[PDB]
Structure formats: C-alpha cells, structure tokens
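Quick look at target.pdb (PDB, C-alpha atoms):
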ATOM      1  CA  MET A   1     -31.086   6.923   9.660
ATOM      2  CA  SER A   2     -27.426   7.344  10.604
ATOM      3  CA  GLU A   3     -26.569  10.660  12.270
ATOM      4  CA  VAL A   4     -22.848  10.309  11.440
ATOM      5  CA  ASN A   5     -21.195   9.628   8.082
ATOM      6  CA  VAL A   6     -17.564   8.521   7.871
ATOM      7  CA  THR A   7     -15.993  10.468   5.013
ATOM      8  CA  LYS A   8     -12.301   9.487   5.186
ATOM      9  CA  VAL A   9     -10.092   6.790   6.656
ATOM     10  CA  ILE A  10      -6.342   7.149   6.074
ATOM     11  CA  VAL A  11      -3.986   4.321   7.063
ATOM     12  CA  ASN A  12      -0.906   6.328   7.940
ATOM     13  CA  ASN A  13       1.795   3.598   8.047
ATOM     14  CA  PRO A  14       0.323   0.831   5.860
ATOM     15  CA  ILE A  15       3.678  -0.999   5.585
ATOM     16  CA  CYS A  16       5.719  -1.157   8.791
ATOM     17  CA  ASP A  17       7.116  -3.393  11.511
ATOM     18  CA  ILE A  18       4.322  -5.194  13.347
ATOM     19  CA  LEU A  19       5.610  -3.760  16.639
ATOM     20  CA  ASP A  20       4.850  -0.242  15.389
ATOM     21  CA  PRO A  21       1.551   1.320  16.507
ATOM     22  CA  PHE A  22      -1.388   1.467  14.123
ATOM     23  CA  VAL A  23      -2.031   5.084  13.113
ATOM     24  CA  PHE A  24      -5.241   6.217  11.400
ATOM     25  CA  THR A  25      -6.519   9.594  10.250
ATOM     26  CA  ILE A  26     -10.319   9.521  10.422
ATOM     27  CA  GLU A  27     -12.822  12.104   9.185
ATOM     28  CA  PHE A  28     -16.557  12.049   9.878
ATOM     29  CA  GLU A  29     -19.529  14.400   9.569
ATOM     30  CA  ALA A  30     -22.191  14.817  12.250
ATOM     31  CA  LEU A  31     -25.531  15.789  10.721
ATOM     32  CA  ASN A  32     -26.784  16.917  14.150
ATOM     33  CA  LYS A  33     -25.432  17.693  17.611
ATOM     34  CA  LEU A  34     -25.433  14.612  19.877
ATOM     35  CA  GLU A  35     -25.791  14.558  23.680
ATOM     36  CA  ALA A  36     -23.113  11.938  24.143
ATOM     37  CA  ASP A  37     -19.670  11.106  22.912
ATOM     38  CA  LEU A  38     -18.672   8.980  19.963
ATOM     39  CA  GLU A  39     -16.684   5.862  20.862
ATOM     40  CA  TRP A  40     -13.994   4.707  18.425
ATOM     41  CA  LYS A  41     -12.436   1.256  18.832
ATOM     42  CA  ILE A  42      -9.660  -0.596  16.997
ATOM     43  CA  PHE A  43      -9.677  -4.399  16.693
ATOM     44  CA  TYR A  44      -6.942  -6.826  15.650
ATOM     45  CA  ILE A  45      -8.432  -9.710  13.631
ATOM     46  CA  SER A  46      -6.417 -12.929  13.653
ATOM     47  CA  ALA A  47      -6.081 -15.945  11.361
ATOM     48  CA  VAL A  48      -8.435 -15.039   8.513
ATOM     49  CA  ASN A  55      -8.540 -16.734  17.039
ATOM     50  CA  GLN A  56     -10.818 -14.246  18.797
ATOM     51  CA  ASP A  57     -10.702 -10.515  18.120
ATOM     52  CA  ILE A  58      -8.501  -8.334  20.326
ATOM     53  CA  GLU A  59      -9.658  -4.832  21.239
ATOM     54  CA  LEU A  60      -6.584  -2.615  20.911
ATOM     55  CA  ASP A  61      -8.035   0.630  22.310
ATOM     56  CA  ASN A  62     -11.192   2.684  22.708
ATOM     57  CA  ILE A  63     -11.487   6.476  22.902
ATOM     58  CA  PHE A  64     -14.325   8.957  23.359
ATOM     59  CA  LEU A  65     -14.788  12.149  21.334
ATOM     60  CA  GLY A  66     -17.159  14.936  22.304
ATOM     61  CA  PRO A  67     -19.154  17.011  22.540
ATOM     62  CA  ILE A  68     -20.365  16.209  19.017
ATOM     63  CA  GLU A  69     -21.467  19.322  17.146
ATOM     64  CA  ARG A  70     -22.982  19.339  13.681
ATOM     65  CA  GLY A  71     -20.142  19.482  11.189
ATOM     66  CA  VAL A  72     -16.973  17.721  10.107
ATOM     67  CA  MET A  73     -14.122  16.540  12.336
ATOM     68  CA  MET A  74     -10.840  14.877  11.358
ATOM     69  CA  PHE A  75      -8.611  13.304  14.006
ATOM     70  CA  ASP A  76      -5.537  11.104  14.449
ATOM     71  CA  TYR A  77      -5.910   7.795  16.306
ATOM     72  CA  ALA A  78      -2.771   5.867  17.296
ATOM     73  CA  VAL A  79      -3.044   2.529  19.126
ATOM     74  CA  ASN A  80      -0.421   0.051  20.309
ATOM     75  CA  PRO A  81      -0.147  -3.422  18.734
ATOM     76  CA  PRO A  82      -1.202  -6.531  20.675
ATOM     77  CA  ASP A  83       1.278  -8.655  22.616
ATOM     78  CA  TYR A  84       2.481 -10.977  19.862
ATOM     79  CA  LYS A  85       4.518 -13.015  22.365
ATOM     80  CA  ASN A  86       1.255 -14.241  23.960
ATOM     81  CA  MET A  87      -0.509 -15.026  20.671
ATOM     82  CA  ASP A  88      -0.846 -17.979  18.328
ATOM     83  CA  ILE A  89       1.798 -17.797  15.595
ATOM     84  CA  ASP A  90      -0.985 -17.869  12.986
ATOM     85  CA  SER A  91      -2.246 -14.626  14.552
ATOM     86  CA  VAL A  92       1.208 -13.118  13.925
ATOM     87  CA  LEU A  93       2.384 -14.511  10.580
ATOM     88  CA  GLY A  94      -0.113 -14.729   7.728
ATOM     89  CA  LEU A  95      -3.331 -12.956   6.730
ATOM     90  CA  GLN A  96      -4.721 -10.740   9.490
ATOM     91  CA  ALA A  97      -7.018  -7.722   9.549
ATOM     92  CA  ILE A  98      -7.422  -4.389  11.319
ATOM     93  CA  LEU A  99     -10.850  -2.932  12.048
ATOM     94  CA  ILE A 100     -12.120   0.525  12.993
ATOM     95  CA  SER A 101     -15.359   0.507  14.993
ATOM     96  CA  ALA A 102     -17.564   3.540  15.673
ATOM     97  CA  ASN A 103     -20.158   3.392  18.450
ATOM     98  CA  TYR A 104     -22.788   5.606  20.064
ATOM     99  CA  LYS A 105     -24.288   4.754  23.469
ATOM    100  CA  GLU A 106     -22.513   1.363  23.392
ATOM    101  CA  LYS A 107     -23.996   0.418  19.994
ATOM    102  CA  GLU A 108     -21.872   0.001  16.870
ATOM    103  CA  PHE A 109     -23.130   1.864  13.794
ATOM    104  CA  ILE A 110     -20.265   1.269  11.320
ATOM    105  CA  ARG A 111     -17.182  -0.919  10.934
ATOM    106  CA  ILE A 112     -14.270  -0.455   8.517
ATOM    107  CA  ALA A 113     -11.692  -3.235   8.207
ATOM    108  CA  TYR A 114      -8.588  -3.762   6.075
ATOM    109  CA  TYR A 115      -6.887  -7.051   5.326
ATOM    110  CA  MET A 116      -3.164  -7.174   5.987
ATOM    111  CA  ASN A 117      -0.415  -9.715   5.351
ATOM    112  CA  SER A 118       2.297 -10.183   7.982
ATOM    113  CA  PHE A 119       5.600 -11.745   6.973
ATOM    114  CA  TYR A 120       9.318 -11.670   7.675
ATOM    115  CA  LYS A 121      10.980  -8.732   5.936
ATOM    116  CA  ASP A 122      14.081 -10.723   4.948
ATOM    117  CA  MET A 123      13.403 -13.458   2.402
ATOM    118  CA  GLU A 124      15.694 -16.123   3.884
ATOM    119  CA  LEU A 125      13.715 -16.056   7.134
ATOM    120  CA  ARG A 126      10.560 -16.164   5.015
ATOM    121  CA  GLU A 127      11.962 -19.296   3.371
ATOM    122  CA  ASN A 128      13.240 -20.679   6.711
ATOM    123  CA  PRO A 129      11.205 -19.280   9.635
ATOM    124  CA  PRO A 130      12.847 -19.943  13.021
ATOM    125  CA  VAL A 131      11.274 -22.168  15.664
ATOM    126  CA  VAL A 132      11.102 -19.197  18.028
ATOM    127  CA  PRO A 133       9.562 -16.200  16.211
ATOM    128  CA  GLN A 134      11.532 -12.979  15.840
ATOM    129  CA  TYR A 135       8.848 -10.303  16.044
ATOM    130  CA  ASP A 136      11.330  -7.468  15.421
ATOM    131  CA  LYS A 137      11.854  -8.716  11.835
ATOM    132  CA  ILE A 138       8.179  -9.135  10.879
ATOM    133  CA  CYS A 139       6.273  -6.467   8.945
ATOM    134  CA  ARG A 140       2.603  -5.948   8.127
ATOM    135  CA  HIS A 141       1.248  -4.856   4.732
ATOM    136  CA  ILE A 142      -2.212  -3.257   4.961
ATOM    137  CA  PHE A 143      -4.413  -3.445   1.849
ATOM    138  CA  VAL A 144      -5.594   0.143   1.868
ATOM    139  CA  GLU A 145      -7.427  -0.006  -1.476
ATOM    140  CA  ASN A 146     -10.101  -2.472  -0.266
ATOM    141  CA  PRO A 147     -11.981  -1.338   2.861
ATOM    142  CA  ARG A 148     -14.604  -3.784   4.159
ATOM    143  CA  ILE A 149     -17.527  -1.675   5.408
ATOM    144  CA  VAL A 150     -20.744  -2.635   7.215
ATOM    145  CA  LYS A 151     -23.233  -0.130   8.658
ATOM    146  CA  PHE A 152     -25.801  -0.782  11.398
ATOM    147  CA  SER A 153     -29.061   0.955  12.286
ATOM    148  CA  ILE A 154     -28.891   2.167  15.892
ATOM    149  CA  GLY A 155     -30.763   4.537  18.136
ATOM    150  CA  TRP A 156     -29.342   8.009  18.645
ATOM    151  CA  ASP A 157     -31.085  10.661  20.775
ATOM    152  CA  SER A 158     -34.778  10.549  19.813
TER     153      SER A 158
ATOM    154  CA  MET B   1      23.437 -16.772 -20.578
ATOM    155  CA  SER B   2      22.664 -13.390 -19.016
ATOM    156  CA  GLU B   3      25.649 -11.221 -18.076
ATOM    157  CA  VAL B   4      23.564  -9.231 -15.551
ATOM    158  CA  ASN B   5      21.392 -10.541 -12.710
ATOM    159  CA  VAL B   6      18.847  -8.332 -10.945
ATOM    160  CA  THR B   7      19.056  -9.233  -7.253
ATOM    161  CA  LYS B   8      16.733  -6.716  -5.548
ATOM    162  CA  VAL B   9      13.941  -4.340  -6.504
ATOM    163  CA  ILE B  10      12.411  -2.245  -3.707
ATOM    164  CA  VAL B  11       9.369  -0.056  -4.374
ATOM    165  CA  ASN B  12      10.127   2.829  -2.035
ATOM    166  CA  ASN B  13       6.735   4.614  -1.946
ATOM    167  CA  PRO B  14       4.302   1.818  -2.844
ATOM    168  CA  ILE B  15       1.303   3.692  -1.398
ATOM    169  CA  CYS B  16       1.077   7.403  -2.224
ATOM    170  CA  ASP B  17      -0.787  10.069  -4.161
ATOM    171  CA  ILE B  18      -0.691   9.310  -7.886
ATOM    172  CA  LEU B  19       0.927  12.699  -8.570
ATOM    173  CA  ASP B  20       4.011  11.641  -6.596
ATOM    174  CA  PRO B  21       7.013  10.317  -8.551
ATOM    175  CA  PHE B  22       7.665   6.583  -8.670
ATOM    176  CA  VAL B  23      10.827   5.745  -6.694
ATOM    177  CA  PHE B  24      12.656   2.415  -7.044
ATOM    178  CA  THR B  25      15.766   0.954  -5.430
ATOM    179  CA  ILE B  26      17.395  -1.521  -7.826
ATOM    180  CA  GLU B  27      20.329  -3.860  -7.176
ATOM    181  CA  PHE B  28      22.076  -5.877  -9.878
ATOM    182  CA  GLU B  29      25.275  -7.869 -10.363
ATOM    183  CA  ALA B  30      27.387  -7.821 -13.517
ATOM    184  CA  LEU B  31      29.274 -11.091 -13.953
ATOM    185  CA  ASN B  32      31.680  -9.329 -16.346
ATOM    186  CA  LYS B  33      32.705  -5.838 -17.349
ATOM    187  CA  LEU B  34      30.620  -4.603 -20.277
ATOM    188  CA  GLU B  35      31.660  -2.320 -23.118
ATOM    189  CA  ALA B  36      28.366  -0.380 -23.195
ATOM    190  CA  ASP B  37      25.957   1.204 -20.735
ATOM    191  CA  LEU B  38      22.878  -0.376 -19.200
ATOM    192  CA  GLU B  39      19.592   1.327 -20.090
ATOM    193  CA  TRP B  40      16.816   1.294 -17.486
ATOM    194  CA  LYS B  41      13.302   2.323 -18.510
ATOM    195  CA  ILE B  42      10.059   2.745 -16.566
ATOM    196  CA  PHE B  43       6.686   2.154 -18.228
ATOM    197  CA  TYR B  44       3.170   3.046 -17.095
ATOM    198  CA  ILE B  45       0.748   0.275 -18.108
ATOM    199  CA  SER B  46      -2.878   1.217 -18.791
ATOM    200  CA  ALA B  47      -6.160  -0.719 -18.832
ATOM    201  CA  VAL B  48      -4.996  -3.857 -17.042
ATOM    202  CA  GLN B  56      -0.817   1.987 -25.138
ATOM    203  CA  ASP B  57       2.076   2.008 -22.658
ATOM    204  CA  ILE B  58       3.749   5.279 -21.651
ATOM    205  CA  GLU B  59       7.526   5.385 -21.290
ATOM    206  CA  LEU B  60       8.094   7.508 -18.186
ATOM    207  CA  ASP B  61      11.902   7.802 -18.332
ATOM    208  CA  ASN B  62      15.096   6.107 -19.468
ATOM    209  CA  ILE B  63      18.571   6.409 -17.954
ATOM    210  CA  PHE B  64      22.015   5.065 -18.805
ATOM    211  CA  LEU B  65      24.432   3.592 -16.262
ATOM    212  CA  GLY B  66      28.096   2.946 -16.958
ATOM    213  CA  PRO B  67      30.797   1.958 -17.287
ATOM    214  CA  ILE B  68      29.690  -1.486 -16.083
ATOM    215  CA  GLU B  69      32.388  -3.208 -14.034
ATOM    216  CA  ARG B  70      32.181  -6.711 -12.617
ATOM    217  CA  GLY B  71      30.446  -6.497  -9.255
ATOM    218  CA  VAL B  72      27.304  -5.313  -7.500
ATOM    219  CA  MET B  73      25.603  -1.928  -7.866
ATOM    220  CA  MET B  74      22.529  -0.586  -6.068
ATOM    221  CA  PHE B  75      20.912   2.660  -7.196
ATOM    222  CA  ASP B  76      17.798   4.778  -6.649
ATOM    223  CA  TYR B  77      15.627   5.651  -9.666
ATOM    224  CA  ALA B  78      12.918   8.335  -9.425
ATOM    225  CA  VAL B  79      10.618   9.119 -12.370
ATOM    226  CA  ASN B  80       7.758  11.596 -12.747
ATOM    227  CA  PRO B  81       4.174  10.335 -13.240
ATOM    228  CA  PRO B  82       2.397  10.584 -16.608
ATOM    229  CA  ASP B  83       0.082  13.444 -17.540
ATOM    230  CA  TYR B  84      -3.172  12.211 -16.014
ATOM    231  CA  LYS B  85      -5.072  15.200 -17.438
ATOM    232  CA  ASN B  86      -4.496  13.877 -20.980
ATOM    233  CA  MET B  87      -5.336  10.238 -20.223
ATOM    234  CA  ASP B  88      -8.463   8.119 -20.217
ATOM    235  CA  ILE B  89      -9.938   8.009 -16.714
ATOM    236  CA  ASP B  90      -9.854   4.208 -16.983
ATOM    237  CA  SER B  91      -6.056   4.492 -17.309
ATOM    238  CA  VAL B  92      -6.008   6.458 -14.023
ATOM    239  CA  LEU B  93      -8.494   4.885 -11.592
ATOM    240  CA  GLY B  94      -8.505   1.124 -11.225
ATOM    241  CA  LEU B  95      -6.033  -1.680 -11.899
ATOM    242  CA  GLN B  96      -2.917  -0.412 -13.698
ATOM    243  CA  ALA B  97       0.705  -1.543 -13.717
ATOM    244  CA  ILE B  98       4.233  -0.141 -13.529
ATOM    245  CA  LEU B  99       7.163  -1.845 -15.250
ATOM    246  CA  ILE B 100      10.949  -1.699 -14.931
ATOM    247  CA  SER B 101      12.795  -2.563 -18.147
ATOM    248  CA  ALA B 102      16.535  -3.244 -18.413
ATOM    249  CA  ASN B 103      18.228  -3.123 -21.812
ATOM    250  CA  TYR B 104      21.684  -3.609 -23.321
ATOM    251  CA  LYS B 105      22.546  -2.387 -26.830
ATOM    252  CA  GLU B 106      18.844  -1.579 -27.350
ATOM    253  CA  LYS B 107      17.771  -5.144 -26.468
ATOM    254  CA  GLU B 108      15.591  -5.805 -23.428
ATOM    255  CA  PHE B 109      16.899  -8.632 -21.240
ATOM    256  CA  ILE B 110      14.540  -8.439 -18.231
ATOM    257  CA  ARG B 111      11.253  -6.814 -17.236
ATOM    258  CA  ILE B 112       9.835  -6.447 -13.714
ATOM    259  CA  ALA B 113       6.250  -5.225 -13.321
ATOM    260  CA  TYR B 114       3.887  -4.604 -10.403
ATOM    261  CA  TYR B 115       0.115  -4.334 -10.481
ATOM    262  CA  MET B 116      -1.372  -1.337  -8.702
ATOM    263  CA  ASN B 117      -4.823  -0.144  -7.657
ATOM    264  CA  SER B 118      -5.595   3.585  -7.828
ATOM    265  CA  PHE B 119      -8.571   4.926  -5.908
ATOM    266  CA  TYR B 120     -10.089   8.048  -4.396
ATOM    267  CA  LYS B 121      -9.003   8.667  -0.805
ATOM    268  CA  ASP B 122     -12.336  10.300   0.084
ATOM    269  CA  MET B 123     -15.184   7.822   0.489
ATOM    270  CA  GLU B 124     -17.860  10.048  -1.064
ATOM    271  CA  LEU B 125     -15.852  10.536  -4.261
ATOM    272  CA  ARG B 126     -15.132   6.794  -4.248
ATOM    273  CA  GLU B 127     -18.866   6.058  -4.222
ATOM    274  CA  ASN B 128     -19.659   8.901  -6.666
ATOM    275  CA  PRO B 129     -16.582   9.749  -8.760
ATOM    276  CA  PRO B 130     -16.907  13.207 -10.317
ATOM    277  CA  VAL B 131     -17.194  13.756 -14.049
ATOM    278  CA  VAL B 132     -14.078  15.939 -13.895
ATOM    279  CA  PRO B 133     -11.363  13.982 -12.040
ATOM    280  CA  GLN B 134      -9.664  15.367  -8.944
ATOM    281  CA  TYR B 135      -6.198  13.868  -9.368
ATOM    282  CA  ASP B 136      -4.931  15.362  -6.095
ATOM    283  CA  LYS B 137      -7.333  13.096  -4.163
ATOM    284  CA  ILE B 138      -6.472   9.779  -5.869
ATOM    285  CA  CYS B 139      -4.020   7.331  -4.310
ATOM    286  CA  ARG B 140      -2.190   4.350  -5.781
ATOM    287  CA  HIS B 141      -1.353   1.086  -4.022
ATOM    288  CA  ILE B 142       1.481  -0.801  -5.704
ATOM    289  CA  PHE B 143       1.158  -4.553  -5.179
ATOM    290  CA  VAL B 144       4.730  -5.129  -4.047
ATOM    291  CA  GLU B 145       4.835  -8.782  -2.932
ATOM    292  CA  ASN B 146       3.756  -9.952  -6.448
ATOM    293  CA  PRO B 147       6.439  -8.904  -8.954
ATOM    294  CA  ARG B 148       5.854 -10.093 -12.526
ATOM    295  CA  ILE B 149       9.254 -10.964 -14.025
ATOM    296  CA  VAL B 150      10.233 -12.109 -17.524
ATOM    297  CA  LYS B 151      13.826 -12.561 -18.699
ATOM    298  CA  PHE B 152      15.077 -12.573 -22.289
ATOM    299  CA  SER B 153      18.254 -14.055 -23.738
ATOM    300  CA  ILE B 154      20.103 -11.299 -25.613
ATOM    301  CA  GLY B 155      23.506 -10.776 -27.141
ATOM    302  CA  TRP B 156      26.120  -8.970 -25.098
ATOM    303  CA  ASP B 157      29.794  -8.463 -25.992
ATOM    304  CA  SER B 158      31.165 -11.850 -27.117
TER     305      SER B 158
END
Using structure tokens, write down the structure that the file contains.
Amino acid sequence: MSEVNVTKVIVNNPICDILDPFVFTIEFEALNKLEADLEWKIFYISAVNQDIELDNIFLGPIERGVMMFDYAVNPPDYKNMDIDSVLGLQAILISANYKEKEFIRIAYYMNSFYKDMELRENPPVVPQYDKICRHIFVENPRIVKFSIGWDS
Amino acid sequence: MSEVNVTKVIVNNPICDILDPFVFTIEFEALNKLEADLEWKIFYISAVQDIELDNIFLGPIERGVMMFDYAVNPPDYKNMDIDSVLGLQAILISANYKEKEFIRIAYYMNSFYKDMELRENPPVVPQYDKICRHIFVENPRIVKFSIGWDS
C-alpha cells in the first residue's frame, strides 16, 4: 500500500553534546511519482512530558526512484524543560508524512548524562547543559508504519 | 595488592563500520617502578573461541600516570561464522605483567546491517562493508586478578 519505502537511516553524531544539532542521513525509494511533497519531521521524546517538534521540511517533486538526503535540526531549549527531559532516557523520532498524514515513524532511544563522572555522581542544583552528552542507541530502531491515502 | 590501577578507558570510535580498527584510549597509574614491561592485549569475543587481535609492550614502567592510544585491526570476518559477525559480540582489553593477567575490561557490542532491507533479509553471502558495530560503552565489564609483581 505504501508508495514510499525508507531504505536507510544513518545517525551521524550518535554520541555528542546535547547542544549539538541532530544530524541524520535518510534514504528512501518512491515507487511512483507523487503530486505533492514529502514532509519529514523530527521529534524530541522526553522522560521515557509532551513531544517537541524540532523541525519539519518538504522535499519535492517526488519522482520514482531513490533519494538520499541530510537533515540537520537544532536541539530543543533545555533551559525551559523539565530536568527529567534533559537528563535520563529520552528518544529521537523521524516522522515521514504525505498530505499531512504520517505513514512511517523511526525512533531511537538515547541516554543523556553528564560527561564527567564526578558531576554524574554529584549533579549540581542548577544544570550545566554544556557538560551533558547524549548517547543514541543506533542498533535498535523502533519502527511503525501507517496506511494512508496517496494520490488515487 | 595491585601495583597498577587502570583509571580511564575511552572507546574512541564506539559506533563505526566493523572493518574499521578498534581504537582505545587507556590511562593507568603505576604505584611503583616495575622491572618489566606491561603487556596489553585486545580480544574479539564471539557468540555472546576468542581471537587475540594484538598485543603490545609498554616500558620501562616508572611511578606515575600514563595515557596512551591503542589501535588494533579487526579480525578476518571472511573466515568467521556469520554468528560471530552479526549480533551480540564483545571486545576485551587485557593487561598482563610477566605473562599473568591482572585486569580485564570488556564491552558488549551489537553489529548490524546499516541498510534496512539487508537487515530484514540478510544475504547468504555477507556484505561486510555494510555492517556497523555499536560498542556498549557505559557498561564496562571489569574483573581484576591478584598477581605477583616484583617483590
């Protein structure tokens, strides 16, 4: 039923400071030309409280064939977030949409923690976001596909 | 009663193609000068026999702190069981003195196809250039052993 198959997702900087942008290399194959653009979104998932949309971009026109692209998005504003959405188990999710309907989601768990062990053992009362790093679990993508309408 | 303490181990390229060398940064402190060299080995652990990837000698050992980078080449995946290539494996750092092991540090790792179609349908002939390993860095498995030294 799906007109588009996602063939690759590369997490380019799986271990980095949390202030660094998320960078993905994404490959997909269109089985048919589509009249409209594909919409790719990135979501930050907290405290595994609501999901934060990091960015959304449109790609088109969509011809039959394979396309691979780089997608860099900025991190959310950790200063205005619950500390549990900053330190601990989080997730990052790629969402693909057509005509405002999601047809696949790919998410990766990630652990966020202070890089230096003493601050891990004794976290300060005021967080120091410049010394926190995320570790994305690239070997375990969580995928769900959805039946949507396309052009017919 | 150990004369040498291992204070840091950093896995420099924890997520990479399996054909890339393993690179470690290792820090240790000798509480006393030692008459002989330290021997550091790296082992590839299958089906989580073991393959010794390399061994190097460091010396002379003076009292104090030393940090060094240790790069070793991967094993010959073409002559290995596919189950020793894809899946849960391990990589182990071994430190020895006078041919006696006094500490071992190991990390689990998952190795998987980067392309989703080959992940769902792995080929009968492996494509090692398209497999990636993820070394599980925040869970080091350490065991220390009391050995004889110089006294």
Which residues would end up in the selection if the PyMOL selection byres ((chain A and resi 9) around 6) were applied here, given that I need the answer as a compact mmCIF listing (two decimals) with C-alpha atoms, in the coordinates of the input?
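Result file follows (out-v7.txt):
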# COMPACT_ATOMS: atom_id res chain seq x y z
CA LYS A 8 -12.30 9.49 5.19
CA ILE A 10 -6.34 7.15 6.07
CA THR A 25 -6.52 9.59 10.25
CA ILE A 26 -10.32 9.52 10.42
Considering only C-alpha atoms, tabulate each residue of chain A that lies at most 12 Å from chain B along with its nearest interatomic pair and the corresponding distance in Å to one decimal; arrange the rows by chain and ascending residue number and present them as JSON lines.
{"residue": "A:5", "atom": "CA", "partner": "B:124", "partner_atom": "CA", "distance": 9.7}
{"residue": "A:6", "atom": "CA", "partner": "B:123", "partner_atom": "CA", "distance": 7.8}
{"residue": "A:7", "atom": "CA", "partner": "B:123", "partner_atom": "CA", "distance": 5.3}
{"residue": "A:8", "atom": "CA", "partner": "B:122", "partner_atom": "CA", "distance": 5.2}
{"residue": "A:9", "atom": "CA", "partner": "B:121", "partner_atom": "CA", "distance": 7.8}
{"residue": "A:10", "atom": "CA", "partner": "B:121", "partner_atom": "CA", "distance": 7.5}
{"residue": "A:11", "atom": "CA", "partner": "B:15", "partner_atom": "CA", "distance": 10.0}
{"residue": "A:12", "atom": "CA", "partner": "B:15", "partner_atom": "CA", "distance": 10.0}
{"residue": "A:13", "atom": "CA", "partner": "B:15", "partner_atom": "CA", "distance": 9.5}
{"residue": "A:14", "atom": "CA", "partner": "B:15", "partner_atom": "CA", "distance": 7.9}
{"residue": "A:15", "atom": "CA", "partner": "B:15", "partner_atom": "CA", "distance": 8.7}
{"residue": "A:25", "atom": "CA", "partner": "B:121", "partner_atom": "CA", "distance": 11.4}
{"residue": "A:26", "atom": "CA", "partner": "B:122", "partner_atom": "CA", "distance": 10.6}
{"residue": "A:27", "atom": "CA", "partner": "B:122", "partner_atom": "CA", "distance": 9.3}
{"residue": "A:28", "atom": "CA", "partner": "B:123", "partner_atom": "CA", "distance": 10.4}
{"residue": "A:29", "atom": "CA", "partner": "B:124", "partner_atom": "CA", "distance": 11.6}
{"residue": "A:112", "atom": "CA", "partner": "B:123", "partner_atom": "CA", "distance": 11.6}
{"residue": "A:117", "atom": "CA", "partner": "B:145", "partner_atom": "CA", "distance": 9.9}
{"residue": "A:118", "atom": "CA", "partner": "B:145", "partner_atom": "CA", "distance": 11.3}
{"residue": "A:119", "atom": "CA", "partner": "B:145", "partner_atom": "CA", "distance": 10.4}
{"residue": "A:120", "atom": "CA", "partner": "B:145", "partner_atom": "CA", "distance": 11.9}
{"residue": "A:121", "atom": "CA", "partner": "B:145", "partner_atom": "CA", "distance": 10.8}
{"residue": "A:122", "atom": "CA", "partner": "B:8", "partner_atom": "CA", "distance": 11.5}
{"residue": "A:123", "atom": "CA", "partner": "B:8", "partner_atom": "CA", "distance": 10.9}
{"residue": "A:140", "atom": "CA", "partner": "B:145", "partner_atom": "CA", "distance": 11.6}
{"residue": "A:141", "atom": "CA", "partner": "B:145", "partner_atom": "CA", "distance": 9.3}
{"residue": "A:142", "atom": "CA", "partner": "B:141", "partner_atom": "CA", "distance": 10.0}
{"residue": "A:143", "atom": "CA", "partner": "B:141", "partner_atom": "CA", "distance": 8.0}
{"residue": "A:144", "atom": "CA", "partner": "B:141", "partner_atom": "CA", "distance": 7.3}
{"residue": "A:145", "atom": "CA", "partner": "B:141", "partner_atom": "CA", "distance": 6.7}
{"residue": "A:146", "atom": "CA", "partner": "B:117", "partner_atom": "CA", "distance": 9.4}
{"residue": "A:147", "atom": "CA", "partner": "B:123", "partner_atom": "CA", "distance": 10.0}
{"residue": "A:149", "atom": "CA", "partner": "B:123", "partner_atom": "CA", "distance": 10.9}
Can you tell me, as a PyMOL selection string, what residues are no more than 9 Å from residue 136 (chain A) when counting all atoms listed in the file, ignoring any on the same chain fewer than 4 positions away? chain A and resi 17-19
Which residues are near residue 109 (chain B)? Cut-off 9 Å, all atoms listed in the file, ignore same chain within fewer than 4 positions. Put them as a ChimeraX atom specification. /B:2,4,101-104,150-154
Once the PyMOL selection byres ((chain A and resi 153) around 8) has been applied to the shown file, what residues remain in the selection, as an MDAnalysis selection string? chainID A and resid 1:2 109 151:152 154:155
Could the residues in this selection be saved with C-alpha atoms as a short mmCIF file (atom, residue, chain, number, x, y, z; two decimals), keeping the file's coordinate frame?
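This is the output file selection_27.cif:
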data_model
loop_
_atom_site.label_atom_id
_atom_site.label_comp_id
_atom_site.auth_asym_id
_atom_site.auth_seq_id
_atom_site.Cartn_x
_atom_site.Cartn_y
_atom_site.Cartn_z
CA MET A 1 -31.09 6.92 9.66
CA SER A 2 -27.43 7.34 10.60
CA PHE A 109 -23.13 1.86 13.79
CA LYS A 151 -23.23 -0.13 8.66
CA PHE A 152 -25.80 -0.78 11.40
CA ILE A 154 -28.89 2.17 15.89
CA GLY A 155 -30.76 4.54 18.14
#
Using all atoms listed in the file, find all polymer residues with an atom at most 6 Å away from the point (-12.7, -2.4, 15.2); report them as a list in words. residues 41, 42, 43, 99, 100 and 101 of chain A
For the residues in the current selection, export C-alpha atoms as a short mmCIF file (atom, residue, chain, number, x, y, z; two decimals), in the coordinates of the input.
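Written out: selection03.cif:
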data_model
loop_
_atom_site.label_atom_id
_atom_site.label_comp_id
_atom_site.auth_asym_id
_atom_site.auth_seq_id
_atom_site.Cartn_x
_atom_site.Cartn_y
_atom_site.Cartn_z
CA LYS A 41 -12.44 1.26 18.83
CA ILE A 42 -9.66 -0.60 17.00
CA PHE A 43 -9.68 -4.40 16.69
CA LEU A 99 -10.85 -2.93 12.05
CA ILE A 100 -12.12 0.52 12.99
CA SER A 101 -15.36 0.51 14.99
#
Anything within 10 Å of (18.5, -1.3, -23.1): list those residues as an MDAnalysis selection string, counting all atoms listed in the file and sticking to the file's coordinates. chainID B and resid 36:41 62:64 101:110
Which residues match the PyMOL selection byres ((chain B and resi 23) around 8) in the file above, as a ChimeraX atom specification? /B:11-13,21-22,24-25,76-79
Would you save the residues of that selection, restricted to C-alpha atoms, as a PDB file, in the coordinates of the input?
ATOM      1  CA  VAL B  11       9.369  -0.056  -4.374  1.00  0.00           C
ATOM      2  CA  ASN B  12      10.127   2.829  -2.035  1.00  0.00           C
ATOM      3  CA  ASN B  13       6.735   4.614  -1.946  1.00  0.00           C
ATOM      4  CA  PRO B  21       7.013  10.317  -8.551  1.00  0.00           C
ATOM      5  CA  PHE B  22       7.665   6.583  -8.670  1.00  0.00           C
ATOM      6  CA  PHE B  24      12.656   2.415  -7.044  1.00  0.00           C
ATOM      7  CA  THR B  25      15.766   0.954  -5.430  1.00  0.00           C
ATOM      8  CA  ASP B  76      17.798   4.778  -6.649  1.00  0.00           C
ATOM      9  CA  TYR B  77      15.627   5.651  -9.666  1.00  0.00           C
ATOM     10  CA  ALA B  78      12.918   8.335  -9.425  1.00  0.00           C
ATOM     11  CA  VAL B  79      10.618   9.119 -12.370  1.00  0.00           C
TER      12      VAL B  79
END
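Proximity to residue 133 (chain A) was assessed for A:78, A:89, A:4, A:31 counting all atoms listed in the file; the smallest distance is recorded for A:89.
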Find the residues near residue 74 (chain B): any atom within 8 Å, counting only C-alpha atoms, skip ones fewer than 4 places away on the same chain, and give them as a PyMOL selection string. chain B and resi 25-28
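Residue nearest residue 34 (chain A) within the list A:57, A:69, A:90, A:22: A:69 [criterion: smallest interatomic distance, only C-alpha atoms].
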Provide an axis-aligned box for all listed atoms of region 95-98 of chain B, padding each side by 5 Å; report its centre and its edge lengths in Å to one decimal, as AutoDock Vina command-line options.
--center_x -0.9 --center_y -0.9 --center_z -12.8 --size_x 20.3 --size_y 11.5 --size_z 11.8
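In this model, the gap between CA of residue 94 (chain A) and CA of residue 20 (chain A) comes to 17.1 Å.
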Could you check how far CA of residue 87 (chain B) sits from CA of residue 9 (chain B), in Å to one decimal? 27.8 Å
